[PDB]
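Breakdown of the fold
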Amino acid sequence: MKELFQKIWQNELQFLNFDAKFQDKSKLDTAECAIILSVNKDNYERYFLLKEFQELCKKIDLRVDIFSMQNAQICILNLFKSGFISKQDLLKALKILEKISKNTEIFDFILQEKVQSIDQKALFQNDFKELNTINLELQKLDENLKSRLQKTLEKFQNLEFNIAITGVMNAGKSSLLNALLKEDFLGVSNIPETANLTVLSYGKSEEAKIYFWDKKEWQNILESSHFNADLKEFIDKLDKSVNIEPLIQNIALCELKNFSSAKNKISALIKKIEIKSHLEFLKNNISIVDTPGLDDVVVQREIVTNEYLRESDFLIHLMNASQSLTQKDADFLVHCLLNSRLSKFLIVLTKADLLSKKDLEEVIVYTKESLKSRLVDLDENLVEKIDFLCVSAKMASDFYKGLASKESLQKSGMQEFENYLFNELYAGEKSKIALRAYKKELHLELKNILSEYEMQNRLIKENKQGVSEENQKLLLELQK
Amino acid sequence: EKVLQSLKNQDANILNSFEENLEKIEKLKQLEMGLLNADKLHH
Amino acid sequence: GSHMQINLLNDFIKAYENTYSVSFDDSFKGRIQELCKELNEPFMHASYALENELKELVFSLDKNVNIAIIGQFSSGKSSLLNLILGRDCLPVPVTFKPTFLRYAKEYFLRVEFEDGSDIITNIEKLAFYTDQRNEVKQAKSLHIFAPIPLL
Amino acid sequence: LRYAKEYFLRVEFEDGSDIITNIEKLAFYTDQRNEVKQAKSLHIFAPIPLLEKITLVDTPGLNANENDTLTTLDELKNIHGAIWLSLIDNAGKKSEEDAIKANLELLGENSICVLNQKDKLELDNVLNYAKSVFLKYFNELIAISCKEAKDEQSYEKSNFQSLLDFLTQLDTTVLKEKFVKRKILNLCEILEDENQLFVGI
Ligand SMILES: Nc1nc2c(ncn2[C@@H]2O[C@H](COP(=O)(O)OP(=O)(O)O)[C@@H](O)[C@H]2O)c(=O)[nH]1
Ligand SMILES: Nc1nc2c(ncn2[C@@H]2O[C@H](COP(=O)(O)OP(=O)(O)O)[C@@H](O)[C@H]2O)c(=O)[nH]1
């Protein structure tokens, strides 16, 4: 890549050693790396005179000299190769920055370069069991501290990754969930009426705990029926079958075996179904939240946004390959983009069949342009917050037991989607944040143990000093 | 001299306790470097 | 925060754009001078004093037109200044603080000292602050404020 | 706020020019416009003792900003002391942020802490002053509270003459000298940093 550096630093290029001199490997995030890469020899004086760039370089521990800039670029590129910190998201960030710096050469080099082995989850398990071993050693050497360490280990062992998944109804989410789990579960048949939330968790018991509306939630639904005029019709159809005789305080049914009588218009009285199933996917301590799209507006949408705004550590949104942006879907995606808490949610174009490949990419481009048009400022770059996958659940479900026993598992996308979801358990920000919290806890318990054990030595030294003083007093008494 | 000898007898067990504490401190020192390395690996 | 990453990038873009890329209130001289001075200052590594001089020249367009009275050995410039002021101040030369005639609604004098401090005081005292002393704050400049049009 | 024999305001503008004017116009020059000369600074001249050689500088509101203090320091300089004004609330947040603010930089060796607004409420006040004593030894001499006058016939139990008396009794010269010593030590430290960098190369 000496040719690349000659290209971008034509005459001000200096004598430099092409390896990553990096000292921390987390010294700067990927957007800051992209900024550093865009200090091409034509913008370099302006960048160096810019106060915000100087603040950035003081944050990173860089100078504004040319040599150190080029050295940092080298190290960034070597980490991009070896430690493989940057995705195509680095390329995204450089495209974003091209507002200022038209840095084509570095962009192309990052594009066309053999990347490396990735190896994420193995590294995650190695680091986590390192930390477990450190916790064990701390437990060895106080009772309160050992109990604290044990509680911390219990907290960080087998902990709660929640995936919310959403989309409009005809687009189809239950079928995609079936294909991900590689067997059937609630619902594969499209029906215009609907709704209740479904929480797929993991446990030894195979419950199907059910929750109905409260008296007040039902009163709110009947209130809104006056305004909706389709909900009013449905409520009129429902109240003929008076299952009200679904009441004041607590409705907790504990078990069922796939009874389809609820499809006969009673699910409208259910709000929340809490499943504890046995599937290895969930055996990895995952929990999925399936969500309605449009029905029973009044409080089923409120409980949907409760479940999503709650723990949910990730968001997947589904759209069928041939939907014309589904105005409600577009409004939801806009709300997602403006929410600064969301931090790079995911999109799946479901039913990847029924549509020619390389036409699916045009559909994605259309989607992104629409989302940009709803956000007219540098706000547009927020659409680069979204990742896009193209999976078809029918082919994957067919390969397991159905018609297409000839290999449709690949050429569908389910395998890649599964890889993505598993990668979000080290690469996802949540896993790294949990590791950082565990490290801080270990440091603080270590500090407590230091405070405990140095005081014993101090007391022993004080006792020795007192013994010496007593000996001196005895000598003085003998002299007297 | 007798008091000094008694203090030496007690300062055998006291010396052993101090040496154990020193080894604990050295182990904790090792731990902190290890923790810093683990942090460094993260990104 | 990847949303915060995008926001950081956008902030950098906005800051660079505001510092190096903007056209002024053009179509009139006032800010054509600003465009010229910006031309003079991106990489052409300017001296800090040149930079300050250009800034002051830019300001001069918004400011009091400074017109100076150039007198001879003793050509009666002080009495002319008195006539301009209406009230009079010292019509013999033992010499010189730089003196300014500005506008107010009352007759007072503003004495700017070398140490940086100033004082606002009565115009009668002007003579005392002209004539030197031994060990009190030597005035750097004298600022007569008078309620005269043309000031 | 500096000293004069009459009431003035001196409005120093961004472009360098100033104007000396009547103090009634103060409000006008506080409230900004779009393209009227943006005021760089405001200079009240008033015939009050204690403005003889101890002039006052008004500072912004502390709008819950951790990095406000350093920016303020960079903006505005040599300060010999200050009067920290606070309402009845003296929670830990105020203590910590006060510590990061003053930090020997801006307030303390001698500078004052002042609780306001006694009048809207004592045993409670006694408890609060004790809390301030052990909490707020950052500031040097005694923590103090009050304020009412001017349409009060009493004119007092506003402890206002206590604050006034303190402001009078400051040994100004000592403050100036210590400040200068501190600044010169800072500069020496910086120069040594630079020199050692070169040596290291
Ligand atoms: N070709 C294809 N069709 C699908 C797939 N998943 C669902 N469908 C069809 O799309 C419709 C909606 O699917 P559905 O299971 O009801 O999802 P839901 O509406 O969210 O409950 C059904 O008629 C399915 O037969 C898929 O992966 N490929
Ligand atoms: N007879 C006469 N005396 C004048 C005239 N102009 C100035 N003077 C006198 O010259 C003396 C010095 O005046 P002054 O204002 O101090 O001159 P300056 O030192 O140049 O400012 C005064 O006594 C004036 O009265 C004039 O036209 N005729």
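For this deposition, the record names X-ray crystallography as the technique by which the model was determined and cites 3.940 Å as its resolution.

**Section: the sheet that holds strand β2 (residues 8–13) of chain D**
All names here are of chain D. An order of β1-β4-β2-β3 is seen for the four strands of this open sheet, with the pairing classed as mixed. Each edge of the sheet is formed by a strand with only one pairing partner; in this case those strands are β1 (2–3) and β3 (18–21). For β1 and strand β4 (residues 39–46), the ladder comprises two bridges, and the chain directions are parallel. Looking across to β4, one finds that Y3 is bridged to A46.

**Structural notes on the interface of chain C and chain A**
Taken together, the contact between chain C and chain A spans 18 residues of the former and 29 residues of the latter. Contact between chain C and chain A buries roughly 2,300 Å² in total, counting both sides, with carbon and sulfur atoms accounting for 71%. Among the residues chain C hides against chain A, the three largest losses belong to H3(C), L9(C) and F12(C). Together they make up 29% of the total. Summed over the shared surface of chain C and chain A, the result is zero salt bridges. At the boundary of chain C with chain A, the tally comes to five residue pairs in polar contact. For the side of chain C that touches chain A, the residue count by class is ten nonpolar, seven polar and one charged.

**Thoughts on the interface of chain C and chain D**
The accessible area lost on association of the parts is a frequent measure of interface size. If you look at the interface, chain C gives nine residues, while chain D gives eleven residues. Buried surface at the junction of chain C and chain D, both sides included, amounts to about 1,100 Å², of which 56% is carbon and sulfur. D18(D) is the salt-bridge partner of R102(C), the closest N and O atoms lying 2.5 Å from each other. The tally of links between chain C and chain D comes to two residue pairs in polar contact. At the level of elements, β2 (108–113) and β3 (118–122) of chain C are the ones that each hand at least two residues to the side of chain C that touches chain D. Grouping the amino acids of the side of chain C that touches chain D by side-chain chemistry returns four nonpolar, no polar and five charged.

**A few points about the pairing of strand β6 (residues 286–290) of chain A**
Residues and elements named next belong to chain A. Burial within β6 is extensive, with five of its five residues counted as buried. Residue alternation in β6 divides its side chains into two sets, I286, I288 and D290 and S287 and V289, and both sets are buried. As defined by bridge partners, strand β2 (residues 197–202) adjoins β6 across three bridges and the pair is classed as antiparallel. Looking at β6, one finds that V199 is bridged to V289.

**With respect to the site of ligand 1**
All names here are of chain A. Neighbouring ligand 1 are 15 residues; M169, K173, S175, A393 and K394 lie closest to it. One nitrogen or oxygen atom from the side chain of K351 is found 3.0 Å from an oxygen atom belonging to ligand 1. When ligand 1 sits alone it has 570 Å² of accessible area, and the protein chains cover 79% of it. Of all the elements in the fold, those that place two or more residues in the shell around ligand 1 are α10 (174–181) and α17 (393–401). Grouping the constituent residues of the shell around ligand 1 by class yields four nonpolar, seven polar and four charged.

**Regarding empty space enclosed by the protein**
Approximately 90 Å³ is the volume attributed to the largest cavity. Looking at the largest cavity, the residues that line it are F22(A), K25(A), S26(A), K27(A), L28(A), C33(A), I76(A), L79(A), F80(A), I85(A), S86(A) and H43(B). The element best represented in the lining of the largest cavity is helix α5 (residues 66–81) of chain A, accounting for three residues. Its residues assigned to classes, the lining of the largest cavity comprises seven nonpolar, three polar and two charged. Along its surface, the second largest cavity is lined by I163(A), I165(A), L176(A), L177(A), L180(A), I288(A), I316(A), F417(A) and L421(A).

**Some remarks on the site of ligand 2**
All names here are of chain C. The environment of ligand 2 is made up of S74, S75, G76, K77, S78, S79, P91 and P93. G76 is positioned with one of its backbone polar atoms (N or O) 2.9 Å from an oxygen atom of ligand 2. In the environment of ligand 2, an oxygen atom lies 3.3 Å from a nitrogen or oxygen atom belonging to the backbone of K77. Residues of the shell around ligand 2, tallied by class, amount to two nonpolar, five polar and one charged.

**Overview of the pairing of β3(C)**
Residues and elements named next belong to chain C. In terms of strand pairing, β2 meets β3 through five bridges, oriented antiparallel. Opposite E112, over in β3, you have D118 as the bridge partner. The turn linking β2 back onto β3 is made up of four residues, and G116 within it adopts a positive phi angle of 110 degrees.

Here is what the cut-offs are and how they apply
- All residue numbers refer to a per-chain count from 1 along the written sequence rather than necessarily to the numbering of the entry. Residues that lack coordinates are not shown.
- Note on labels: chains are lettered from A, ligands numbered from 1, in written order.
- The assembly from which these chains come is larger than what is shown, and the figures reported cover only the shown chains.
- Values reported for side chains reflect all heavy atoms of the structure, with hydrogen atoms and water molecules removed beforehand.
- Residues with missing side-chain atoms are left out of burial classes, side-chain pairs and their counts.
- A pair of strands is labelled paired if DSSP reports no fewer than 2 bridges between them.
- Runs of E in the DSSP output that reach at least two residues are strands. Runs of H or I that reach at least four are helices, and both are numbered from the N terminus.
- Between two residues, a contact is recorded if the distance between any of their heavy atoms is within 4.5 Å.
- Defined here as a combined quantity, buried area equals the accessible surface (1.4 Å probe) lost by two parts on assembly, summed across both.
- Each reported salt bridge corresponds to a side-chain nitrogen of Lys or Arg within 4 Å of a carboxyl oxygen of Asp or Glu.
- Any pair of nitrogen or oxygen atoms within 3.5 Å is treated as a polar contact; in protein, a donor-acceptor pairing is required on top of that, and neighbouring residues in sequence qualify only through side-chain atoms on both sides.
- Any residue that is not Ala, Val, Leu, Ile, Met, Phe, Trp, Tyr, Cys, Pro, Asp, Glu, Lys or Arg is counted as polar, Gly included; the first ten are nonpolar and the last four charged.
- Under the scheme applied here, a residue whose accessible area is under 20% of the maximum for its type counts as buried, over 50% as exposed, and between as partly exposed, the area being computed with a 1.4 Å probe on protein chains only.
- For this purpose, a residue is taken to be near a molecule or strand whenever a single non-hydrogen atom of the residue falls within 4 Å of it.
- Using a 1.4 Å probe, the Shrake-Rupley method yields the accessible areas, and only the shown protein chains count as cover for residues.
- Using protein atoms alone on a 1 Å grid, points that fit a 1.4 Å probe yet trap it form a cavity, whereas open point sets bounded by protein on both sides within 12 Å along at least five of seven lines form a pocket; residues with an atom within 4 Å of a point count as lining.
- Grid points are joined across faces, edges and corners, and a volume is the space filled by probe spheres set on the points.

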